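Below you'll find only one chain, the form deposited in one PDB entry, shown as structure tokens.
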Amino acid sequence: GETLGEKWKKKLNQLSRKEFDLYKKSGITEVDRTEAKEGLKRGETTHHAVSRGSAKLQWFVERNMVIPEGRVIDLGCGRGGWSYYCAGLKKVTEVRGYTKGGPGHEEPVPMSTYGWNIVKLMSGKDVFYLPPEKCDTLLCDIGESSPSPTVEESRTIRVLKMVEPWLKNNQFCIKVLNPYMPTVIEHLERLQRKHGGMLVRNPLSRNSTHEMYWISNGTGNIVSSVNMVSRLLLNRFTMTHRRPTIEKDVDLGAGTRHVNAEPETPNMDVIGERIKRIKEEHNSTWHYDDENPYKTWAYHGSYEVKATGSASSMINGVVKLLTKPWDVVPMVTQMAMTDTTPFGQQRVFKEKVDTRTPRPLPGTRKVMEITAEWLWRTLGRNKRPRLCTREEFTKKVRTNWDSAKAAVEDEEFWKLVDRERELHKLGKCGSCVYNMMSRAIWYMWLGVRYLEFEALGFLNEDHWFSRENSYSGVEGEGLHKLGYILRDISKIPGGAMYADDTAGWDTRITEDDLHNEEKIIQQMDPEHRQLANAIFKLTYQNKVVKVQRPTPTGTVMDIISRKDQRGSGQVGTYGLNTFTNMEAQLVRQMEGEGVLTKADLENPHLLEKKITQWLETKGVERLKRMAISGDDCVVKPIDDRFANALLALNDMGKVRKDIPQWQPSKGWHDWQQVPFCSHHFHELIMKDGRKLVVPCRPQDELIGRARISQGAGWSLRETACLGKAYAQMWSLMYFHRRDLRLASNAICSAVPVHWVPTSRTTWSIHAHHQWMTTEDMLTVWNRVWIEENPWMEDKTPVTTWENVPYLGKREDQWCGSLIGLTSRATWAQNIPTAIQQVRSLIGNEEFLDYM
């Protein structure tokens, strides 16, 4: 009576080493450790998982198979992957890791990831020599493989007997090295009757091991699940080899965790009615899940729902067939790797959104207060706030979602909007909810963006953050002007040009930020003020949110709430981000100039005379040293003390990304190397003698994004018109890139000339979409780059594309160009063949073939 597991073991040991290497990863899920391993190689202590074990445990935790809580004990913690992961979980209060260490054994790696202060990893600790301790969660990942099943068998029994006394009425997750040996099966069955639980297989396990995990939250037949794994693994012997499914690795954050500072206290007076209506609308599946993971967001309930998302995006075929040598390159195809599944959403939420910012110091709040009041006055020197209207909102919708064009057309939609507006006037809010992913819910949602648009839309529609009105702003300028603005800034004497990224800007917006942004209502007419005051107080400073969550029993929709942070899916996000960033960068300039000291930040009663004088005499000039677009900023300070000015910036919550909190910033003096709005900008001399300033970025980012379809049902003609749109865009904005202009030419010749580009190449505020036309590209290029280009005085047109410059050939290569490679040369010769292939797929329309 030989078991299937033993059959598998017999086949595995007979494998040559090469077939073994191919088999062990065939069709498995594998996390991408490339970034983390290089981070650890440089001694980084934040964000990185210390091993592949963090992701492995995460797979269990995601599915509520084990929910770490209270005192967590991690037997055989090794480098500490499981321990560091548990440190950030809601109900975990202490993590104790024991591991052997010494020669041939992994050692604990010290880290500063989130919750490090409740992690206690001890080496020199053989767990088979340890008396069991009281704990609320028991973890164990011990088990050393052997070519002999019976050797593994005794190792597995040893583990099980060691670990059994640690368990009683607590959570656990225990590795079972060899689960298919009859004596192990028999032992596990008796264990299951005392402590409950079930055996589960982790998809991240390699096929070279039959390992399964005894977890506490589940029931089921041990014998059955084991043989299901055995068959799965035997099947994968003969099954045609398939590459592993690559997932993104975990981000464990940074800093000390204070469990009691995490929970949210909601304003139930304000958000209560909204919950009640969601509850009424979904009463048939409404429930309260105590096992919700939310630490810093208040939880209010859930209802059941059909799942939504995809493990990776759709591919545009027309452009992928015209860019054959980019199938091979990593970062291109590793941009289609996207997860909007309920699992990926929860991962992003935990790692990025489920955080809390400490309140800024009293002196810091004073400075922000003074600066905000000054900034709003400056911004409203010429303009006044105004209400937007139904007709306005309707026009904008029509000129671009098709369900939205139907909704604004329905009078019943506007009756709902009116009803909710009357609530707002009374200080009440009934259906104002946003999401993180009947038609009554669709109407409730679109109706809410309208009421926001009505109250705060003036910031966008009336260009409050144009350069002329805000000095620092770049709204309405366009990607083809941004480079020129940075070049102009570089001419101002002083320090280097700095461009520090904030780590998750929207989550870093504080209660004090929100109350400073609110001050613009003091410039409003009374009836406008009451509507805006409703938006700020009821929906901005008290957000009610829908988010999907995977459960053992299907997907659910959680209703949660938060007082601070920025609702990212909202009208006014860009303008308010730009305003707060302007303010923040002014404050940092004050610090670098010595106007604002450490003593001032801590001083509970800061004197305002000093700040007011600096603003009234230097404020505007310092605004002109900056280019600010939402969370993205470029600052050129009067000197480089700015680099070391980190006190105010951190205390305001605007912690920089990918750099230690107190390490000085590093800038540029060549403006052409400064990153801004996902681009850098090159100065090019036309052979006509004149000069252009062009936007540029890593080419693979441009290639890969173009290879992504829109619409969950590509209809060839639709997906080709999108390919033409990227081609037109490339010829208008990235004409200087040799590979792109050649591929732009190829797409436009492989697509019918009369077909109009559809969909959107991008949703960037800086994109004016001049490329979505039937008009000749050289005539469009002339209009953009010569005619209405204010930094081009000689208005002489260009008659030939050969007077339109490329980048320097080394610079082209440096930014990702494949020019030089053999494959690129081959690809170039093969172009009219690939043209014919696309044209054959489309069919029989009018083509004009292009160089």
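In this text, residue numbers run from 1 along the sequence as written.
What follows is about the form deposited with a small molecule bound, which we do not show.
Decide whether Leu12 counts as a contact residue for the small molecule in the deposited complex under a heavy atom distance cut-off of 4.5 Å.
Within the cut-off, so yes.
Do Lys168 and the small molecule come within 4.5 Å of each other in the deposited complex, heavy atoms counted?
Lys168: no contact with the small molecule in the deposited complex.
Although the small molecule is absent from this view, report whether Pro110 comes within 4.5 Å of it in the deposited complex, heavy atoms only.
Result no; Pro110 lies far from the small molecule in the deposited complex.
Heavy atoms within 4.5 Å of the small molecule in the deposited complex: does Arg206 have any?
Looking in the deposited complex, residue contacts with the small molecule include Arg206, since a heavy atom lies within 4.5 Å.
The small molecule isn't shown here, but in the deposited complex which of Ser145, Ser466, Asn221, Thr389 has a heavy atom within 4.5 Å of it?
It is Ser145.
Proximity to the small molecule in the deposited complex, single hit among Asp600, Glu152, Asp651, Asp512 (heavy atom within 4.5 Å):
Of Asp600, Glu152, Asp651, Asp512, the residue with a heavy atom within 4.5 Å of the small molecule in the deposited complex is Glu152.
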